[PDB]
């Protein structure tokens, strides 16, 4: 590799549109990708007043198929080469070489993934030079410390450089933990907001159901998402199956992402259910007694919180300022993260099988800042 794909030029051209317009830069809107923070960004973008703002979604990585656009029926699907002034508009711009998109004088950009912010910050500079205006504010939806997605390398510093941008920029952090993490590292933004995690609305409908706990160890297994430390969990399970003589009493199930069943020893297997419907997931939560969900990141992630609120004893990990142990009594937070400790803790929890306290009420009781932000654009 001699070049860096993520930062392929994001060419713009002038447009005669005169109203204020919000532009959401997202990698994709396909259902296949409608998870992570792409759905959260779309939820937040939905909040902005379509009465005071035209809305255009710019796809930077993946083009949709007819099916995907069904979720955006009110949106006019338009090519980069056209320059329509619709109120709602979707433009595919993943294939950018020698092509450009019409950027208006008062186009405001909302970034998501770090490379979308990277591009936005360069479009803003082009914009102010072209139209002879002071730089407009960028809205930056920060889902995680994205440099952490890479080892120390080019991508790492490029991703981080988007946080060191000195132009007008408003950060909206996913979770307060993430915000405080950024504050500690000394990053600066024109303004800072955040939205706290909130229990999945479907799941909340089952949180009061009666629970018939079984001897089930529920694992959040996502081999493809390194932050979830799938391989570390497997290694821990293997030691657990070997050192714990009552392990045969337990079922060990994996949910989140489909993978092959994994032999742990003693004929015991890690059984993958892949990604269940929220309904089935809810049912499985009610029956399960122990949970394992790791998140190598200041962000808390959702499954640990969901598991705790369904009466599971949950094994999770500290990271810097994050320690979920004081969020909820059901949460067990390991500081030393290795297979042996997870196994050991797991044996303790199993033995204790023969809820209580919560300091995260906000979770079951969020974009109230949207309007305060609308006044700033």
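Positions refer to the first chain, counted from 1.
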Would you mind checking whether any residues of the deposited sequence sit unmodelled between residue 354 and residue 355, and how many (none, 1 to 3, 4 to 9, 10 or more)? 4 to 9
Residues with no coordinates between residue 365 and residue 366, taken from the deposited sequence as a class: 1 to 3
Could you check which stretch, 85-93 or 121-129, carries the larger mean CA temperature factor in the entry? 85-93
Comparing 237-245 with 222-230, which has the greater mean CA B-factor as deposited? 237-245
Which one of 340, 335, 348, 61 shows the top CA temperature factor in the record? 335
Check the PDB entry and point out which of 47, 321, 316, 330 has the largest C-alpha temperature factor. 47
Chain thirds by Cα B factor, record data; residue 102 belongs to the middle
Taking the C-alpha B-factors as the PDB entry records them, is residue 14 in the lowest, middle or highest third of its chain? middle
Chain-relative CA temperature factor third for residue 294: lowest
For residue 268, does the deposited CA B-factor place it in the lowest, middle or highest third of the chain? highest
When the deposited Cα B-factors of this chain's modelled residues are ordered and cut into thirds, is residue 139 in the lowest, the middle or the highest one? middle
